[PDB]
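Engineer: my complex, first installment, coordinates as in the assembly:
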Amino acid sequence: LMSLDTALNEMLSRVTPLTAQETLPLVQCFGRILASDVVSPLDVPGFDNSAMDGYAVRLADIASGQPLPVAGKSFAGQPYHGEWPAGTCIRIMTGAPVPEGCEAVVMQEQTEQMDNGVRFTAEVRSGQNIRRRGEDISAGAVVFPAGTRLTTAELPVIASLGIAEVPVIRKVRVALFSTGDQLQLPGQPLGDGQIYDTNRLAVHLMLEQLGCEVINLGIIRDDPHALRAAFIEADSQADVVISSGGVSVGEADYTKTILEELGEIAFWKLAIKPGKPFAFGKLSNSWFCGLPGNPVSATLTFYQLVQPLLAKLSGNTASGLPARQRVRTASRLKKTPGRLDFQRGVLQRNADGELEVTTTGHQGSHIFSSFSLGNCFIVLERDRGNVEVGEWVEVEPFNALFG
C-alpha cells in the first residue's frame, strides 16, 4: 500500500553522503561534486572601476554649477595617472579604473557639452557608479560551497580565480546485474519462452550518464551458488548494487532467501503506476536496490527512486530530479484513483506560446515507446480519477537520461 513520498524519505534518511575525494583539473570536473568550499585567493574586481561610459567627478566641483573641462581619459588598461586640476572632470569608460580622488561617475548621456566644458544634469550621490574592489567576490570568501555540482556555470569562475584543480568526491561505484533462464544476450537466437535482456542496458546507460562508475556483471546463471557469488563480487567493489531484474522483489523463491541470508533487506509495495514492487536494504558494504522485471516499471522505479539515492550518495546538496510545473491537458487522460500515476506526455506550446500536454498513447507497461515519444511525465495525484481536456495537471520534464 505504501507511498512514493514515504519510500523516498526512508531510503534517503538511511544513507550517508560519500566523502572520499580526489583532486582534478577543471576540464575533468563536469558533473562532479566539490568536496571542499572553493575560496577566492583574490578580489573581484581588482581595483575600483567605473560602471558606466561617462565622466569621473569630485563632488566639490559639481555643486559649483559650472561646466567642467575634461582634463583627460581613463580606459580599462591605461589609467589616468597625470595630475587632476580643480574644476575639471575625467572622461572614463565602463571597467576603467577610477582615478585618485574620484568620488562619483556620471553617465555620458546625463551631461551635456558646452563651449567651456561639460555640464551635469541630475544630482550626484557620493560613491555612485563605482564598482568597488571585491564587491563581486572578496578574497577569503566562499565562491562555491562543498556539495556543488560543477557545470559550465561554475568551472569558468573557478578558472578566472587562477585555480587549476579542485577536490571532488569520488564517483559512486554501482554494480549491476540481472538473472533468469529466459534472458538471452543480444545476438543469439530466441529460445523456448525467452526474451532479450533490456533493463540491464537501460540502467547501465542511466548510471553512466549520471556520472557513476559501473561494474556490469552480466546475466547471472539461474542457480543459487552463482547468485551468491555475484552478490559477493558486486558487494565487495561497489557502494550500491542493483538487480535490474529477476532477483525477487517479493515473490518467494531462492533469489529471495539468498537476499535475506545476505543482508537487511526490505520488500515494498508502492502506491505508483506503473511499478509497485521494489526491494531495498543494506548488504555488508553497500546498498541494494532490486528492480521489478517489467522494463517500464524498472525504468520508472529507477528514475524516481534510485536516481535520488545516488544523488545523495554522491555528495550533491541538490534535489537531483526536475521540478514540476502545473499545466493544461490537451488530452483526455484515463486514470484510476488509488495509485500515484507517472504517465508520459508530450509538452509543447499552444499558438499563444503557453505550454500544454498531450498524452503519447496507451499507458500500459507492455510497451516501452512512451519514453521515446514523450518528453515528460504527467504526475497525476494519487486520488484523482479520469481527467478531461483543459484540466490542470502536474508535469515533470524528462532530464537528459531521455533527452
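Structural biologist: Yes, it's here. Numbering: from 1, shown residues only, chains lettered A, B, ... in the order given.
Engineer: What ranges does the stretch 51-200 of chain A have for its helices?
Structural biologist: Applying DSSP state H, counting those that start in this stretch to the stretch 51-200 of chain A gives helices spanning A:60-63, A:155-160, A:199-209.
Engineer: would you turn these into TSV with mean neighbour count and distance to residue A:96?
Structural biologist: Using the backbone N, CA and C atoms, a C-beta is placed for each residue, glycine as well. Below are the helices of the stretch 51-200 of chain A laid out as TSV (neighbours: other C-beta atoms under 10 Å; distance: least, C-beta to C-beta, whole Å):
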stretch	mean neighbour count	distance to residue A:96
helix A:60-63	14	19
helix A:155-160	15	19
helix A:199-209	19	46
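Engineer: Nearest to residue A:395, out of those helices?
Structural biologist: helix A:199-209 (20.9 Å; C-beta to C-beta).
Engineer: So what's the gap between the closest one and the chain middle?
Structural biologist: 18 Å (C-alpha atoms, centre = their mean, to the nearest Å).
Engineer: Give me the contacts around it.
Structural biologist: If you take C-beta atoms under 8 Å, 6 or more residues apart in numbering as the criterion, helix A:199-209 is touched by A:174, A:176-178, A:214, A:216, A:218-219, A:242, A:244-245, A:291, A:293, A:295, A:298-299, A:302-303, A:307, A:310, A:400-401.
Engineer: Please put the alpha-carbon coordinates of it into CSV.
Structural biologist: In CSV, the C-alpha atoms belonging to helix A:199-209 read as follows (Å, rounded to 0.1, in the frame of the first residue of the first chain):
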residue,chain,number,x,y,z
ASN,A,199,16.7,-3.5,-18.3
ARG,A,200,20.4,-4.0,-17.6
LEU,A,201,21.3,-1.8,-20.6
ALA,A,202,18.8,0.9,-19.6
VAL,A,203,20.2,1.0,-16.1
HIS,A,204,23.8,0.8,-17.2
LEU,A,205,23.2,3.7,-19.6
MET,A,206,21.4,5.7,-17.0
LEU,A,207,24.2,5.2,-14.5
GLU,A,208,26.9,6.3,-16.8
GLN,A,209,25.1,9.4,-17.7
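Engineer: related to what we said a few turns ago, quick check: helices, which of the contacts of helix A:199-209 are part of them?
Structural biologist: A:295, A:298-299, A:307, A:310 (DSSP state H).
Engineer: of these, buried ones?
Structural biologist: A:295, A:298-299, A:307, A:310 (16 or more other C-beta atoms under 10 Å).
Engineer: Relative to residue A:100, which of these is nearest.
Structural biologist: residue A:310 (55.6 Å).
Engineer: Let me know the distance separating that closest one from residue A:20.
Structural biologist: Going from residue A:310 to residue A:20 by C-beta to C-beta, to the nearest Å gives 15 Å.
Engineer: With residue A:378 instead?
Structural biologist: Counting by C-beta to C-beta - residue A:378 and residue A:20 are separated by 39 Å.
Engineer: okay, those two: which has more neighbours?
Structural biologist: Per other C-beta atoms under 10 Å, whichever of residue A:378 and residue A:20 has more neighbours is residue A:378, with 28 against 10.
Engineer: Name all residues that make contact with the more buried one.
Structural biologist: Applying C-beta under 8 Å, 6+ apart, the residues near residue A:378 are A:329, A:333, A:341-345, A:357, A:359, A:393-395.
Engineer: Okay, and the beta partners of it?
Structural biologist: Counting by DSSP bridges, residue A:378 is bridged to residue A:343, residue A:395.
Engineer: count of neighbours near residue A:190?
Structural biologist: Residue A:190 has 10 neighbours, counted by other C-beta under 10 Å.
Engineer: add one more, call it chain B:
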Amino acid sequence: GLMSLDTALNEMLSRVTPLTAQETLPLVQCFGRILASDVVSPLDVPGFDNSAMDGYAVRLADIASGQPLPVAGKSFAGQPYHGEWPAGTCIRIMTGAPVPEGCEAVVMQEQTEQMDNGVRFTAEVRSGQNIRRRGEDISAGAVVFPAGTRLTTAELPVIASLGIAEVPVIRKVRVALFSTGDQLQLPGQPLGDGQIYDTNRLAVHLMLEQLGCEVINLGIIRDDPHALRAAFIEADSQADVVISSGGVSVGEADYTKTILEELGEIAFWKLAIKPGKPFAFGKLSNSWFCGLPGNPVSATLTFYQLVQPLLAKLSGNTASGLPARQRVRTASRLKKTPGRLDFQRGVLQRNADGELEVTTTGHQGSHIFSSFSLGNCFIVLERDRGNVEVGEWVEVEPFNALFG
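Structural biologist: Chain B now in position relative to the chains above:
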C-alpha cells in the same frame, strides 16, 4: 540596421552539410550518438500471443456451459504450458505468458469465484479479450527508429529488445579549439601586468565535451604570425570545426585578421543581440570556423545560441538542438533597450498559486559570470521591446544540461 540572430543562424545552417561517415558501436556506447541508418525490426513484437492479465486462459464453449472449470495447468513467464489441455477445464496464466494452443480468451482473476469443483466466471467473455497478439506493437521489417535519431535511454533498450547488439552511428564531430594573446595566463602560473586567466577556452571545451564532440584543444597560441598560421593549418586539417575562444579578431584589424582573410573566406558579423555583438564565421579549406568575442558572457551566449545548433546539424541530428521557449510572467522589472534581442538571465520558479514565473538573477552586465550559476533560464526579450514591468508576459528558455 544590424544583422539579426535568426538571419545569422540561418546563414550558418544553410551552408552546412551533415556528416555521413559512420562507425558501428555496441549499444552501451551509443548514448548521445546519431543513428546513421534506419533501425529495422528483424522480428514481431510481441513474438508469440500472450496475456494482458493474471487470470485464466479459457475457451468460449467451456464458459457458456454456465458451469465451473477445473484448472488443468499454469502458463508462466519464461515457462509455458506446452503439454495438452482437455475440454471443460481452464488454465492459469500470468501477465506476459504465451497463451496455450487453443486459447480463445483470458479473464482477469477479479471476474472469477474460486469454487470447489473448479473455477466459476463472470461478465460474459468477449472473443479474443486480453490477448495482445504477435506483432501488434511492431511488425517485422518496419522502421523502429530512423537515421538521424539521437540515441538515448528511451531508444537503446528497444533496440536491444529486438536482439540487436550494435548499430551504426555517425562519427563524432571533431572540433579544434584555441585562444591567442599575450594577455592570457594559465590557471597555474601567476598574473603579470595586464594579464588575465584564460576562462573561455575551458568553458567551450566543457560544452563541446558535453555536446558529445571530439575536442582538440591546442591551448594558448603565442602572439606570432607563424604560430597562429600553423595552428590554423593543423586545426583545419584535423577538424570539422575550428573555434577561437578569444583573441582572434572578430573584426578589429590586426595580424590575426589578415591571416584569417588569407586561410579562408571569413565574415565578420555584428549581431543585434546582447550580450555580444561581434562574431566571426566562414569556411577554411576543410573546416568551418567560428570566432568568438573575448568577454566570457558574450562568448558563452554566442557559443550557446549559434555554435551549438551548427554542431547539432553537422552531427547528423534531425532535431533542432536547443531547448524550447515558453511564455511566462515576470515578477521583476527588466531594464531593456530597443535595438537588440536581449538574452537576459533569470530564475524561473513556482509561486504560491503554482504558476511558473521569472525573476532576474540581478545585474545583467557582462562583467560578471554569476548570472549563469544563479539562473536557470534565459529571458529572451524581443529586439524592439523596451523595458518590462512586473506582470507582463515574457519568453523564457530553460538552460539545458550545460548549465544544470
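Engineer: again for the neighbour count of residue A:190, since chain B is there now?
Structural biologist: 14 (other C-beta atoms under 10 Å in any protein chain shown).
Engineer: Wait, it touches residue A:184, no?
Structural biologist: Yes: in this structure residue A:190 lies within contact range of residue A:184 using C-beta atoms under 8 Å: 6.2 Å.
Engineer: any common contacting residues for those two?
Structural biologist: Shared contacts of residue A:190 and residue A:184 (C-beta atoms under 8 Å, 6 or more residues apart in numbering or on different chains): A:196, B:163.
Engineer: in chain A, which residue is closest to the centre?
Structural biologist: Closest residue to the average C-alpha location of chain A: residue A:320 at 5.3 Å, with C-alpha atoms, centre = their mean.
Engineer: Now that one: closest residue in space, sequence neighbours ignored.
Structural biologist: residue A:311 (3.0 Å; C-beta to C-beta, 6 or more residues apart in numbering or on different chains).
Engineer: Let me know whether the one you found touches residue A:318 as I believe.
Structural biologist: Yes: shown here, residue A:311 and residue A:318 form a contact pair, counting by C-beta under 8 Å, at 7.1 Å.
Engineer: can you tell me how far the residue nearest to the centre of chain A sits from chain B?
Structural biologist: Per C-beta to the nearest C-beta, to the nearest Å, residue A:320 is found 11 Å from chain B.
Engineer: what's the answer for residue A:180, then?
Structural biologist: 7 Å.
Engineer: do residue A:56 as well
Structural biologist: Distance from residue A:56 to chain B, by C-beta to the nearest C-beta: 18 Å.
Engineer: Just to check, that residue is in contact with residue A:102?
Structural biologist: Yes: Residue A:56 lies in contact with residue A:102 (C-beta under 8 Å); the separation is 4.6 Å.
Engineer: neighbour-wise, which of these two wins?
Structural biologist: residue A:56 (27 against 24).
Engineer: Chain B contacts on the stretch 301-403 of chain A?
Structural biologist: Within the stretch 301-403 of chain A, the residues that sit near chain B (C-beta under 8 Å from any C-beta of the partner chain) are A:323, A:325-326, A:348-349, A:352-355, A:364, A:366-369, A:371-372, A:399-403.
Engineer: Tell me which residue in chain A sits closest to chain B.
Structural biologist: Chain A approaches chain B most closely through residue A:182 (3.0 Å), counting by C-beta to the nearest C-beta.
Engineer: Tell me the spatial nearest neighbour of that residue, not counting adjacent residues.
Structural biologist: residue B:78 (3.0 Å).
Engineer: quick one, what contacts the one you found?
Structural biologist: A:180-182, A:192-195.
Engineer: end to end, how far does stretch A:246-258 reach?
Structural biologist: Counting by C-alpha to C-alpha, to the nearest Å, you get 13 Å between the two ends of stretch A:246-258.
Engineer: And stretch A:233-246, by the same measure?
Structural biologist: Start-to-end span of stretch A:233-246 (C-alpha to C-alpha) is 18 Å.
Engineer: what's the answer for stretch A:191-206, then?
Structural biologist: For stretch A:191-206, the end-to-end distance is 28 Å (C-alpha to C-alpha).
Engineer: One more: stretch A:98-108?
Structural biologist: End-to-end distance of stretch A:98-108 (C-alpha to C-alpha): 15 Å.
Engineer: Next: stretch A:298-318.
Structural biologist: 24 Å.
Engineer: for stretch A:76-95, same thing?
Structural biologist: 6 Å.
Engineer: before we move on, what about stretch A:317-331?
Structural biologist: Note: stretch A:317-331 ends 37 Å apart using C-alpha to C-alpha.
Engineer: now that stretch, how far from the chain's geometric center?
Structural biologist: Here the centre of stretch A:317-331 is set off from its chain's centre by 14 Å, with C-alpha atoms, centre = their mean.
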